[PDB]
Amino acid sequence: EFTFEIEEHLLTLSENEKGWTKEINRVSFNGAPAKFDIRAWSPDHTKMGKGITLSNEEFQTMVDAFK
C-alpha cells in the first residue's frame with residue numbers, strides 16, 4: 001500500500017529530547033526514483049514524522065532562491 005527507503009542521508013538539521021531528527025534525505029517512495037525529503041525521523045529511522053518531499057527541480061528552485 002505504501003513503502004519508503006532512505007537511499008541517501010544528506011544532512012541532519014536538529015535532534016530532540018526523544019532522539020528524533022529532522023533530516024534532508026533522498027527517499028524512494030513506492031519504488032519511485034528517490035527525491036529530496038525534509039522530514040522528522042525516529043532514532044532507528046523506522047518511523048517517519050511530518051515532512052515534505054521535493055522534486056529535484058523544486059529543491060533546486062529553493063536553493064537558488066535563498067543563496
# chains A, B, ... in the order shown; residues from 1 in each chain; ligands from 1
call {"tool": "residues_around", "arguments": {"residues": "segment 35-38 of chain A", "least_positions_apart": "6", "cutoff": "9 Å", "atoms": "only C-alpha atoms", "output": "ChimeraX atom specification"}}
result
/A:22-29,50-56,59
call {"tool": "write_last_selection", "arguments": {"atoms": "N, CA and C atoms", "output": "short mmCIF file (atom, residue, chain, number, x, y, z; two decimals), in the first residue's frame"}}
result
data_model
loop_
_atom_site.label_atom_id
_atom_site.label_comp_id
_atom_site.auth_asym_id
_atom_site.auth_seq_id
_atom_site.Cartn_x
_atom_site.Cartn_y
_atom_site.Cartn_z
N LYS A 22 15.30 15.87 12.54
CA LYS A 22 14.88 16.47 11.27
C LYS A 22 16.02 16.33 10.27
N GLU A 23 15.75 15.67 9.14
CA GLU A 23 16.79 15.33 8.18
C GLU A 23 16.38 15.74 6.77
N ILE A 24 17.39 16.00 5.94
CA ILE A 24 17.24 16.09 4.50
C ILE A 24 17.84 14.83 3.92
N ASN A 25 17.02 14.03 3.25
CA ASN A 25 17.46 12.76 2.70
C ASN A 25 16.99 12.65 1.26
N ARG A 26 17.53 11.67 0.53
CA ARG A 26 16.95 11.23 -0.73
C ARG A 26 16.17 9.97 -0.42
N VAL A 27 14.86 10.00 -0.64
CA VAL A 27 13.97 8.92 -0.20
C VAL A 27 13.18 8.42 -1.40
N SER A 28 13.13 7.09 -1.56
CA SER A 28 12.28 6.49 -2.58
C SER A 28 10.94 6.09 -1.97
N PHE A 29 9.85 6.60 -2.53
CA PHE A 29 8.51 6.26 -2.07
C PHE A 29 7.84 5.37 -3.11
N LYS A 50 6.16 14.15 10.20
CA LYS A 50 5.69 15.07 9.19
C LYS A 50 6.86 15.64 8.40
N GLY A 51 6.62 15.87 7.11
CA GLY A 51 7.66 16.47 6.29
C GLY A 51 7.15 16.71 4.89
N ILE A 52 8.07 17.11 4.02
CA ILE A 52 7.73 17.43 2.64
C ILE A 52 8.72 16.74 1.71
N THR A 53 8.21 16.26 0.58
CA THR A 53 9.03 15.72 -0.49
C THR A 53 9.11 16.75 -1.61
N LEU A 54 10.31 16.95 -2.14
CA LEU A 54 10.54 17.91 -3.21
C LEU A 54 11.21 17.23 -4.39
N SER A 55 10.73 17.53 -5.58
CA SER A 55 11.42 17.10 -6.78
C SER A 55 12.77 17.80 -6.88
N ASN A 56 13.66 17.26 -7.72
CA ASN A 56 14.95 17.91 -7.92
C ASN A 56 14.78 19.36 -8.36
N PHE A 59 13.62 21.43 -5.35
CA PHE A 59 14.71 21.67 -4.41
C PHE A 59 15.72 22.66 -4.98
#
call {"tool": "residues_around", "arguments": {"residues": "residue 49 of chain A", "least_positions_apart": "5", "cutoff": "10 Å", "atoms": "only C-alpha atoms", "output": "PyMOL selection string"}}
result
chain A and resi 20-22+38-42
call {"tool": "select_by_dssp", "arguments": {"residues": "chain A", "states": "strand (DSSP E)", "output": "ChimeraX atom specification"}}
result
/A:4-15,21-29,35-41,48-54
call {"tool": "write_last_selection", "arguments": {"atoms": "C-alpha atoms", "output": "short mmCIF file (atom, residue, chain, number, x, y, z; two decimals), in the first residue's frame"}}
result
data_model
loop_
_atom_site.label_atom_id
_atom_site.label_comp_id
_atom_site.auth_asym_id
_atom_site.auth_seq_id
_atom_site.Cartn_x
_atom_site.Cartn_y
_atom_site.Cartn_z
CA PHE A 4 9.74 4.00 1.72
CA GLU A 5 13.51 3.70 1.66
CA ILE A 6 16.15 6.22 2.65
CA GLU A 7 18.53 5.89 -0.29
CA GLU A 8 20.99 8.56 0.85
CA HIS A 9 21.33 10.66 4.01
CA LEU A 10 22.32 14.24 3.20
CA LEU A 11 22.00 16.41 6.33
CA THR A 12 20.63 16.37 9.87
CA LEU A 13 19.14 19.72 10.91
CA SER A 14 18.28 19.08 14.58
CA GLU A 15 17.51 16.37 17.11
CA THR A 21 15.88 14.02 13.98
CA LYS A 22 14.88 16.47 11.27
CA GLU A 23 16.79 15.33 8.18
CA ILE A 24 17.24 16.09 4.50
CA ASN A 25 17.46 12.76 2.70
CA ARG A 26 16.95 11.23 -0.73
CA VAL A 27 13.97 8.92 -0.20
CA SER A 28 12.28 6.49 -2.58
CA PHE A 29 8.51 6.26 -2.07
CA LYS A 35 13.57 12.56 -4.28
CA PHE A 36 14.63 15.14 -1.74
CA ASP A 37 12.75 14.69 1.52
CA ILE A 38 12.79 17.01 4.56
CA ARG A 39 11.27 15.16 7.44
CA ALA A 40 11.42 14.06 11.07
CA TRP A 41 12.68 10.52 11.76
CA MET A 48 8.70 8.89 9.99
CA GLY A 49 7.05 12.10 11.06
CA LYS A 50 5.69 15.07 9.19
CA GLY A 51 7.66 16.47 6.29
CA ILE A 52 7.73 17.43 2.64
CA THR A 53 9.03 15.72 -0.49
CA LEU A 54 10.54 17.91 -3.21
#
call {"tool": "select_by_dssp", "arguments": {"residues": "chain A", "states": "helix (DSSP H, G or I)", "output": "MDAnalysis selection string"}}
result
chainID A and resid 56:66
call {"tool": "atom_distance", "arguments": {"atom1": "atom CA of residue 62 of chain A", "atom2": "atom CA of residue 32 of chain A"}}
result
21.9 Å
call {"tool": "closest_residue", "arguments": {"among": "A:60, A:66, A:30, A:43", "to": "residue 17 of chain A", "atoms": "only C-alpha atoms"}}
result
A:43
call {"tool": "atom_distance", "arguments": {"atom1": "atom CA of residue 44 of chain A", "atom2": "atom CA of residue 1 of chain A"}}
result
21.9 Å
